[PDB]
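Letters A, B, ... are given to chains in the order of the sequence lines, protein chains preceding strands, and every chain is numbered from 1. These values consider heavy atoms only, across backbone and side chains, with no hydrogens, waters or symmetry-generated copies.
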Amino acid sequence: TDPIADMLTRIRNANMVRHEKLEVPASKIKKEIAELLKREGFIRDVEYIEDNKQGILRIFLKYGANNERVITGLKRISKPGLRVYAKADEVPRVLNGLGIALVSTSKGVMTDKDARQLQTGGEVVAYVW
RNA sequence: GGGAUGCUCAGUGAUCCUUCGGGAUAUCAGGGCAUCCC
């Protein structure tokens with residue numbers, strides 16, 4: 001069972017059917033992931049919806065001029081039962097820089113460019129392009 | 001009993017950095033407390 005993979009799937013599906021928005025149970029790691037996508041321009045918005053359970057992340061997807069989808073793909077990389085780890089010179093490049101690798105470092109979850117910047121490795125959580 | 005979360009502790013077990021002395025703590029795995037679900 002893999003909540004992060006679930007989120008990427010719900011986003012992939014919504015994006016196919018070109019939905020405006022979607023929702024996932026909130027967790028801190030998924031919060032961070034959604035925030036990165038916003039800050040990298042892959043989604044239009046994310047917000048936290050209160051529910052006295054564990055919260056909801058409502059994500060607003062992004063489509064371009066003539067309904068061009070801004071997101072092309074999402075890949076779960078690291079997994080429960082097979083974690084994926086990069087040293088700071090081995091942090092993957094997604095589509096020669098046109099995509100992003102989401103990396104969990106001891107200084108938070110950031111892009112692959114941020115990782116190489118800070119000179120750090122970590123868990124390679126996912127790919128978006 | 002099993003899941004899913006949050007606050008917190010520690011840190012080498014995993015992982016990362018290192019001038020090899022040490023250092024980081026997001027995630028994984030530990031400790032404590034707490035909420036929600038079957």
Side-chain angles (χ1 to χ4, degrees):
Chain A
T1 166
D2 185 14
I4 289 177
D6 291 332
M7 185 180 58
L8 304 193
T9 289
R10 272 199 245 193
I11 296 165
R12 198 161 36 231
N13 295 346
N15 193 41
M16 303 196 72
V17 296
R18 277 164 227 246
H19 287 4
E20 166 187 1
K21 46 178 197 168
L22 69 110
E23 303 185 350
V24 304
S27 73
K28 182 182 310 172
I29 186 83
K30 289 185 281 183
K31 257 190 301 167
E32 293 153 12
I33 294 169
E35 277 160 28
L36 261 76
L37 299 177
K38 180 169 185 182
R39 141 180 38 214
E40 293 307 291
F42 277 105
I43 59 172
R44 172 173 107 56
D45 193 22
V46 60
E47 52 182 45
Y48 186 104
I49 277 73
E50 204 72 63
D51 69 355
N52 322 292
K53 289 31 155 189
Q54 71 177 51
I56 299 302
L57 304 178
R58 178 178 300 142
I59 300 154
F60 298 90
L61 295 188
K62 205 192 179 191
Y63 309 92
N66 197 15
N67 286 64
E68 183 185 12
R69 302 166 172 95
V70 182
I71 292 165
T72 303
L74 304 93
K75 203 177 203 81
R76 182 61 155 140
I77 300 291
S78 183
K79 283 193 332 184
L82 191 75
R83 304 283 173 187
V84 176
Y85 300 111
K87 288 206 175 183
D89 42 23
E90 307 305 329
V91 181
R93 262 165 166 91
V94 185
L95 253 47
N96 304 274
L98 277 40
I100 62 169
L102 283 83
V103 173
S104 168
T105 82
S106 73
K107 290 225 161 321
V109 169
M110 66 197 63
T111 59
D112 58 337
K113 166 161 277 293
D114 291 346
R116 289 180 224 109
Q117 217 66 46
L118 294 173
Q119 280 144 306
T120 176
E123 190 182 349
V124 188
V125 167
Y127 287 2
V128 184
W129 65 102

Considering only the [atom1] atoms, how many Å lie between [N] and [M], rounded to the nearest integer?
N: B:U15; M: B:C33; atom1: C1'; answer: 27 Å
N: B:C16; M: B:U12; atom1: P; answer: 16 Å
N: B:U18; M: B:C36; atom1: P; answer: 45 Å
N: B:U27; M: B:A10; atom1: P; answer: 16 Å
N: B:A29; M: B:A14; atom1: P; answer: 15 Å
N: B:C7; M: B:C28; atom1: P; answer: 13 Å
N: B:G6; M: B:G13; atom1: P; answer: 27 Å
N: B:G30; M: B:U25; atom1: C1'; answer: 14 Å

Nucleotide N/O of nucleotides 29-34 of chain B paired with protein N/O under 3.5 Å:
none

A:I33-A:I77 co-clustered via ILVMFWY side chain contacts under 4.5 Å:
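Shared cluster, no.
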Using whole Å, report how far [atom1] of [X] lies from [atom2] of [N].
X: A:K79; N: B:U27; atom1: NZ; atom2: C1'; value: 16 Å
X: A:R76; N: B:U27; atom1: CZ; atom2: P; value: 13 Å
X: A:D6; N: B:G3; atom1: CG; atom2: P; value: 15 Å
X: A:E32; N: B:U25; atom1: CD; atom2: P; value: 14 Å
X: A:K30; N: B:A26; atom1: NZ; atom2: P; value: 19 Å
X: A:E35; N: B:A26; atom1: CD; atom2: P; value: 15 Å
X: A:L82; N: B:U27; atom1: CG; atom2: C1'; value: 14 Å
X: A:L36; N: B:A26; atom1: CG; atom2: P; value: 15 Å

Contact check, side chains of [X] and [Y], non-hydrogen atoms, under 4.5 Å:
X: A:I11; Y: A:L61; result: yes
X: A:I100; Y: A:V94; result: no
X: A:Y48; Y: A:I56; result: no
X: A:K38; Y: A:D45; result: yes

State which residues pass salt bridge (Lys or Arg N to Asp or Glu O under 4.0 Å) with A:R39; sequence neighbours excluded, sorted by chain then number.
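With neighbours one apart ignored, the set is empty.
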What pairs with A:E32 under salt bridge (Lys or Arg N to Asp or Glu O under 4.0 Å), at least two apart in sequence or on another chain?
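None.
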Provide the full list of side-chain hydrogen bond (donor to acceptor under 3.5 Å, both in side chains) pairs with a residue in [range], sequence neighbours left out, each pair given once.
range: residues 62-73 of chain A; result: none
range: residues 82-93 of chain A; result: A:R83-A:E123
range: residues 19-30 of chain A; result: A:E23-A:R58

Where A:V91 and A:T120 come nearest, the two heavy atoms and their spacing:
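Heavy-atom minimum between the residues: CG2-O, 3.9 Å.
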Quick one: closest heavy-atom pair of A:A86 and A:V124, and the distance?
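Closest pair (atom of A:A86, atom of A:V124, distance): CB-CG2, 3.9 Å.
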Report all interatomic pairs (protein N or O, nucleotide N or O of nucleotides 35-38 of chain B) with separations under 3.5 Å.
none

Which residue pairs pass the salt bridge (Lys or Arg N to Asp or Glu O under 4.0 Å) test with at least one member in [range], sequence neighbours excluded?
range: residues 94-119 of chain A; result: A:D112-A:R116
range: residues 4-14 of chain A; result: none
range: residues 95-104 of chain A; result: none

Nucleotide B:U15: sugar north or south according to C1'-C2'-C3'-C4':
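On the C3'-endo side: north.
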If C1'-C2'-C3'-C4' is positive it's north, if negative it's south, so which is the sugar of B:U5?
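The sugar ring of B:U5 falls in the north range (positive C1'-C2'-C3'-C4' torsion).
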Please classify B:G6 as syn or anti, treating any glycosidic angle within 90° of 0 as syn.
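This nucleotide is in anti.
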Classify A:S78 by what it touches in the nucleic acid, base, sugar-phosphate, or nothing, heavy-atom distance under 4.0 Å.
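It contacts nothing in the nucleic acid.
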Considering every strand and a 4.0 Å limit on heavy-atom distances, what is the contact class for A:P3: base, sugar-phosphate, or nothing?
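Contact class for A:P3: sugar-phosphate only.
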RNA chain B in dot-bracket, Watson-Crick or G-U pairs under 3.5 Å, [ ] crossing, | other strand?
(((((((((...(((((....)))..)).)))))))))
Protein heavy-atom contacts under 4.0 Å, written 5' to 3' over nucleotides 6-22 of chain B as B (base), S (sugar-phosphate only) or - (none), form the string SS-------SSS-----
